[PDB]
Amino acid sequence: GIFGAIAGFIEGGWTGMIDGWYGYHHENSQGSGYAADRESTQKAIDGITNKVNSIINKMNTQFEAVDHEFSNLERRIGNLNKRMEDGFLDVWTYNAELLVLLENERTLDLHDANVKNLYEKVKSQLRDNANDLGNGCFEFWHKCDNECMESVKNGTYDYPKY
């Protein structure tokens, strides 16, 4: 991934976070847990759903081959028909296969970017008050209970306290 987060500085995924694409693992006195970031997950779901549907809609025409026959004295127009039908078959096979390879690459980059930005949103809030361990984890210099955790996730962390 060109953004460097997925299978990058965050080496692996979380099979434990089952309720979304991107999110958090917190650990404090009340214990541990996974939680999806629903805003960035839902935004990605909408974008990718839109992309799938747009591809499906642009591909919703069909070239129609026909059953028509040609006599032994119509070799030229019979072959013209074959070469044309094959002609369109090749451009649409090309269009579909190339599009999928291109879209797949960009889709993975999209997810990679979103994890990166999520990581940046958190680093930007905490600043001095946490230690960035280099792997997507932050160690707080102060006690962070459940409302503190939740204010980091909803993007309203209150730095001047603590």
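Numbering starts at 1 and runs along the sequence shown.
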query	finding
Higher-scoring stretch by recorded Cα B factor average, 48 to 56 or 28 to 36	28 to 36
Stretch with the higher entry mean CA B-factor, where the candidates are 12 to 20 and 139 to 147	139 to 147
Given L99, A113, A65, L126, the residue at which the Cα B factor reaches its maximum	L126
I2, C-alpha B-factor rank within chain (lowest, middle or highest third)	highest
Within-chain third of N95 by Cα B-factor, per the entry	lowest
Third of chain Cα B-factors occupied by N131	highest
